[PDB]
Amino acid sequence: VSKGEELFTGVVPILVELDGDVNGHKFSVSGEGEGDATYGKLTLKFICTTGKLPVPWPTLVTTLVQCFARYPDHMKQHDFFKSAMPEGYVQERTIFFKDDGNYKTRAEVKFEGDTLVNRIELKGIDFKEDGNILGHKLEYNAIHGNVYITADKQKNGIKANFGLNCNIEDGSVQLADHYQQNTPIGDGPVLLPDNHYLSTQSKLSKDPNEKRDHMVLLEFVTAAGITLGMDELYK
């Protein structure tokens, strides 16, 4: 029914625009890059264009396009994200930082011409000014984890949950627990999946020629967790 997956057979330019406010510290982030869902591969560069990010870059990675996941052939009928294209979807999260504040995010991800645009509003509340987040105590390290997706038939979309560890300068870890929901923007058909997960690896780096507050991201996202069918033939 949807043919949105056809939009992702090659390299697709990506634009990200975030407007944020954490504890009243307001900021903007813009990013550009491209994604190649054939390989689940994303390459992006972000700048905090208001000048100075008031939270650590690693806390914004997950908020700053799972439509670029590589869904293996045997599980293509479980890719909600591309099915919603080009009209797109709303992705909303609440992200809890253990013993600290939370982010609430709302984004729309959709095509604008041939560009895949993720536009986000982020509100963070109840942070400690001397905590690991407003205090910039997190290391600028790789992030990896599994995003566990389930259908949400009532909303014609999906939910997901996951937990990530952020390494603190002092050696400990800062947990960031994510709750997610996605719903289509359009009224057309979408694919509602069986339970599965996205295996995501994000590598964070710096452009050695870039003096502005920024992040270079190289990421791989691969779907998994649907069986191949040996148990679906009979006994």
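For every residue, the number given is its place in the sequence shown, counted from 1.
- Gap between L64 and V65: 1 to 3 deposited residues without coordinates.
- Stretches compared: 68 to 76, 160 to 168. Higher mean C-alpha B-factor in the entry: 160 to 168.
- Taking the PDB entry as given, 172 to 180 carries the higher mean Cα B factor of the two stretches 190 to 198 and 172 to 180.
- Between the residues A84, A142, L122, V117, the entry's highest C-alpha temperature factor is the one at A142.
- As recorded in the PDB entry, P208 shows the highest C-alpha B-factor of the residues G35, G31, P56, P208.
- Sort the chain's modelled residues by C-alpha temperature factor and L218 lands in the middle third, per the entry.
- The PDB entry assigns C48 a C-alpha temperature factor belonging to the lowest third of its chain's modelled residues.
- In this PDB entry, the Cα temperature factor of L60 sits in the bottom third of its chain's modelled residues, the lowest group.
- The PDB entry assigns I226 a C-alpha temperature factor belonging to the middle third of its chain's modelled residues.
- Sorting the modelled residues of the chain by their CA temperature factor places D152 in the highest third.
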